[PDB]
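1. Coordinates for the following, if possible.
(chains A and B)
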Amino acid sequence: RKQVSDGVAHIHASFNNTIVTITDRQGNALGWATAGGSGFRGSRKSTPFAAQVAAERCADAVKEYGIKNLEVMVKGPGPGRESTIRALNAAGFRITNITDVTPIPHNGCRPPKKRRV
RNA sequence: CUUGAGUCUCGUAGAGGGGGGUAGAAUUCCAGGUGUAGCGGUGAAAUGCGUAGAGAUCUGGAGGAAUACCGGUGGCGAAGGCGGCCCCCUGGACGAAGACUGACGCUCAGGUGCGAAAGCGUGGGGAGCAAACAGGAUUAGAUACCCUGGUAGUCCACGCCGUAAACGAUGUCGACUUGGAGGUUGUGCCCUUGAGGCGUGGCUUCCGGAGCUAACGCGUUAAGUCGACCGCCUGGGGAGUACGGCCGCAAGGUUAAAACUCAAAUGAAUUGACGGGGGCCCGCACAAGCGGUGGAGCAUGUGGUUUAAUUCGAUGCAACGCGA
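-> Numbering: from 1, shown residues only, chains lettered A, B, ... in the order given. You can find the structure just below:
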């Protein structure tokens, strides 16, 4: 119960998972979302209707603070960059600044050699 | 005596390196902080890792790799190859002026020197992350393509090992032979008015005349015309195999056959076919509804069995209320 009332949201999307962690502007998290525990398990996720309902998970733990406006920074590859925005727009929150803050690798190390097909 | 070769002065393009620190644009271990209910992964699922507090975010932080931009058909080097900048000190390529050198020129069987990765022993190191190794997953089954952890050893360095599609599958050197569109570097002349023209060198790019070739394809970067010089070639498999020699302490390199067998092997290209290669179209072919077979009984034919015989043929779409 701190009532920061505003904080950015980091949306880490992968090829098979998406998690929405709402932090403040300084770096203090209030509530994070998840896709592995949205009822079903295995690999049925990574699809829009399962990613938006996963993003809706912060509508039960972040509302207790009093966030009426927030920002969103998406990051990581995978389908669902629009499903999470639709989920945030349908949850009752606002939209302040949409950025892609994905970690850009600059080839510091060597990439793996698992794919040979 | 210069026009071949070599040489001076001034510069210009350009990952030429050797030794040395510097130290990033991002990075895994080892901590502090906000703080919950899961991180990851493949088309399905899971091993492992989270309440011993992970993945998400801020602070700085042990050490090895190494360029995302530049970065590219860029550009260099005899080749194998070289990416954070500098200087220590060496290389190659090119030009305008001037010279003298008088041929000092090209190539080479012997032979030395350069040699991708890995391994050996000597002295170290342990991240990112690696053949083997231990699990999950699939399939009729998996010593693998999939998902996760990893020993000496890949790194600096001392010598062995010297191989490959070290392939422009196109030796080296020099002289002449129709042509068109580009890339990186310079300046001469032309009001340089300028990004710009006319030249003039350079080598790497794309297409093509004659000509040559079996065609594909070469064609001022030659495989067209020549001259000098070196290597190699003689049907496949056997076979880069066996023996002996040279070298390597051993893991191998080189020189390098024979017996036997095969009546072929091969290159190019014209046809069709095929492909879980692509593209473009057609059909109640699908897409949406109606009526059904398959559910009950009966008729009929067929597949099996019995029968002294249940006649024969038809037998996947092209067979079964068919010959009837």
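2. Return the residues of chain A in contact with RNA strand B.
-> With the criterion set to Cβ under 7 Å from any atom of the strand, chain A comes near RNA strand B through A:10, A:12, A:14-19, A:21, A:23, A:27-29, A:31-32, A:34-37, A:41-44, A:46, A:57, A:61, A:103, A:105-110, A:112-117. C-beta: built from backbone N, CA, C; applies to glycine.
3. Please check these and keep the buried ones.
-> A:10, A:12, A:17-19, A:21, A:23, A:31-32, A:34-35, A:46, A:57 (16 or more other Cβ atoms under 10 Å).
4. For residue A:94, give me its contacts.
-> Neighbour list for residue A:94: A:68, A:69, A:70 [criterion: Cβ atoms under 8 Å, 6 or more residues apart in numbering].
5. Could you check how far the closest residue to the second one other than its chain neighbours is from RNA strand B?
-> Nearest-residue entry for residue A:69: residue A:94, 4.7 Å, with adjacent residues in sequence omitted and distances by Cβ to Cβ, 6 or more residues apart in numbering. The spacing between residue A:94 and RNA strand B, counted by Cβ to the nearest atom of the strand, to the nearest Å, is 20 Å.
6. residues near the residue lying closest to residue A:7 once chain neighbours are set aside, how many?
-> Distances taken as Cβ to Cβ, 6+ apart put residue A:24 closest to residue A:7, at 3.9 Å, once the chain neighbours are dropped. Residue A:24 has 17 neighbours, counted by other Cβ atoms under 10 Å.
7. so what's residue A:24 up against?
-> Residue A:24 makes contacts with A:4, A:6, A:7, A:8, A:30, as judged by Cβ under 8 Å, 6+ apart.
8. Equivalent analysis for residue A:53, please.
-> Applying Cβ under 8 Å, 6+ apart, the residues near residue A:53 are A:38, A:87.
9. is it fair to say residue A:90 lies in a helix?
-> Yes - counting by DSSP: H, G, I helix; E, B strand; the rest coil, residue A:90 is found in a helix.
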